[PDB]
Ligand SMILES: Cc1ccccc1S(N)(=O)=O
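As a starting point, one isolated chain is supplied in structure tokens, in the form solved without this ligand.
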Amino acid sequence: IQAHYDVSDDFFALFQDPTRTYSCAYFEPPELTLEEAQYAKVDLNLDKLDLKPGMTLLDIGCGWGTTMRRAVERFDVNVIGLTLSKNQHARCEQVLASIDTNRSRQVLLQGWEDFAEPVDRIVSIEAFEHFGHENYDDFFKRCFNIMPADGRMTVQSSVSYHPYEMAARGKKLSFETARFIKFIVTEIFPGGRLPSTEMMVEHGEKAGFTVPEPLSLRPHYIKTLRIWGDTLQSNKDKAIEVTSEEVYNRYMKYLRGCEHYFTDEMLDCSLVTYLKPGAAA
């Protein structure tokens, strides 16, 4: 049943950029291409982490390996990536092995749950939606515990608003948004759950982290989703051929719907920074 909403890598290749990044890009400056903006998003995350040569960076949910490789290349760090996909695992291995570096590089097919080795810094870009609210305490506790005194982590995640906050916008739109969120979390990220930004901040605080004001990426996700959607739609027949009209329609619903709900400010995307007590200034 969870395996039903699994789709082949070749479908995603029909809307994503060459880096295969499956998360909000960063159009700064606005004229960047999707691919460029995916790299700008990687940098935006990594630049907040106080990475020094010879550190070990952990990528939780490392996808196809772009973040890790960019970190090795820019920061001359060791890396370790965690992924739940065997295909991502095999590709990441290739991406990592081909880097001209003496730094250590490792990809593991496992969750953060089973990861407990010392790392200096943590990046997690839109894996958090999969974890479920019941695991937030354990996630933050693990991330706090594996890092040294000056550790830092970024988590980037799509977020929703509490039903109470949504109600301020009127019942109609509020119930309609909740249904669409339920759809995201059934058919796009099965077993998933969108946090609110408050939940992201507060669980981090409870674990002991200092949490500055989160960065909103809402207009960047709008641009991202627009390009993703326009691109899927243009590759429609190729999409249907490799999957079905069903699966095509599902992702168009997702992509258009999210853009719509982002434009309406009924969804957000937060880049939250977590600083251990001894983190540098």
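Heads up, when I say rigid core I mean the largest set of C-alphas that superpose within 1.5 Å between the two forms. One rule holds for the numbers: they count along the sequence shown, beginning at 1.
The form solved in complex with this ligand is left out here; the points below concern that form.
The pocket of the unliganded chain is judged blocked, since this ligand, transferred from its pose in the bound PDB entry by superposition of the C-alphas around the site, places three or more atoms within 2.4 angstroms of backbone or C-beta atoms. Of the listed positions (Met166, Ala207, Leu194, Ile146), a single one reaches within 4.5 angstroms of this ligand by any non-hydrogen atom in the bound PDB entry, namely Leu194. For the options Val72, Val107, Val119, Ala127, the one in contact with this ligand in the bound PDB entry, meaning a heavy atom within 4.5 Å, is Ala127. Partner proximity in the bound PDB entry, defined as non-hydrogen atoms within 4.5 angstroms of this ligand, places exactly one of 167-175, 131-139, 96-104, 207-215 at the interface: 131-139. In the bound PDB entry, at least one heavy atom of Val185 sits within 4.5 Å of this ligand. The closest heavy atom approach of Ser157 to this ligand in the bound PDB entry falls within 4.5 Å.
Rigid-core fit between the shown form and the other one: of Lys206, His133, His162, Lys171, the one residue whose Cα shifts 2 angstroms or more is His133.
Pairwise change in the bound PDB entry: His130 and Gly111 C-alpha atoms lie closer than in the shown form, at least 3 Å.
Note: the CA-CA distance for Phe128 and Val7 contracts in the bound PDB entry relative to this form, by 3 angstroms or more.
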